[PDB]
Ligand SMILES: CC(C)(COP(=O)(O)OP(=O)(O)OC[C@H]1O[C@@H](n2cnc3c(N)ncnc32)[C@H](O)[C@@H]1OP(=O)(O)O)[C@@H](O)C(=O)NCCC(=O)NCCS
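One chain follows as C-alpha cells, the form deposited without this ligand.
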C-alpha cells in the first residue's frame, strides 16, 4: 500500500538528516524534494537543478521556480558538458562521462552543503525506487500533498539528435534546440529534429503525422531560416 510505502520512504529519509536533492522538475524529483522538506525542514534540504547546453532553458527555468514553489532553498549550477571530449565528439559512451560530470558536481555541492546524500527521482540514492513506487504510487502521493505543478514534458539530452562522431558545437545545438522549440509550439510535444548537416530529419509520433500537414510549408521555411537547407519528415516516425 501507499501508506506502507511512504512510511518506508520517510523512515529511510529520516536517517539522512541533511540532504541535497537533484531536482529534475519532473514529478518524481518533485515528490522527493517536498517530502524531504516535509521531514527535515527547509533549512536542511537543498534543491539543485542543473543548467547546461544539452537541455532546454525552459526546463531549467521551470524547475528552479518549481522548487521554490515547493518551498525549498534552490541553487542553480551550470555544467560545461561540451568540455569533456567524449561529450564534445558524441561518442557512444558519452552518456557515461556526462553523468560522471553531473554527479560529481552534486556530490561536490553536497560536501559543502553539509549534506549526507544526493537524492534523485528515478523510479546517488533513489529512495523512491527503494520504496517500490510505481508511476501510480507517485501520482496518488503527490496529489495527497496538494502537488499540482511539475514539468511533465520529459526531456532527453540533445546529444541524441546528433550522429555518433559528429562534433557538437554551441551553434548546431542551438539550431537543433530552436527547431524543436518551434515544432513544440505548434502542438507537438513529442518531437525530434535529427541533425544531418544540411538536412533536418523531423521525427514525429506516427499518429500525429496527419495533423502535421497544415504546417509543412511553415516548418520548411522556419527550419531553413535556422540554417538547414533541406527540411524533411522521417516516414518511420518517432524512434
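Positions refer to the first chain, counted from 1.
The protein also exists as the form deposited with this ligand bound; that form is not presented, and the subsequent description refers to it.
query: For this chain shown on its own, do 27, 98 and 102 all sit within 4.5 Å of this ligand in the deposited bound form, going by heavy atoms?
result: All three within 4.5 Å in the deposited bound form.
- prompt: Out of 36, 179, 70, 49, which one falls within 4.5 Å of this ligand in the deposited bound form, going by heavy atoms?
  reply: Exactly one listed residue reaches within 4.5 Å, namely 49.
Selected contact from 155, 166, 149, 107, since only one has a non-hydrogen atom within 4.5 angstroms of this ligand in the deposited bound form: Only one option qualifies, and that one is 155.
- request: Work out which of the listed stretches, 211 to 219, 6 to 14, 226 to 234, 19 to 27, brings a heavy atom within 4.5 angstroms of this ligand in the deposited bound form.
  value: The contacting stretch here is 19 to 27.
- prompt: Would residue 116 count as touching this ligand in the deposited bound form under a 4.5 Å heavy atom rule?
  reply: Residue 116: no, not in contact with this ligand in the deposited bound form.
field: Non-hydrogen atom contact residue 137 with this ligand in the deposited bound form at 4.5 angstroms
entry: No.
query: How about residue 120: is it within 4.5 Å of this ligand in the deposited bound form, going by heavy atoms?
result: So residue 120 counts as contacting this ligand.
field: Partner proximity in the deposited bound form: residue 133 to this ligand, non-hydrogen atom cutoff 4.5 Å
entry: No, residue 133 is distant from the partner.
field: Those residues of 218 to 234 which, in the deposited bound form, come within 4.5 Å of this ligand by heavy atom
entry: Nothing in the stretch sits within 4.5 Å of the partner.
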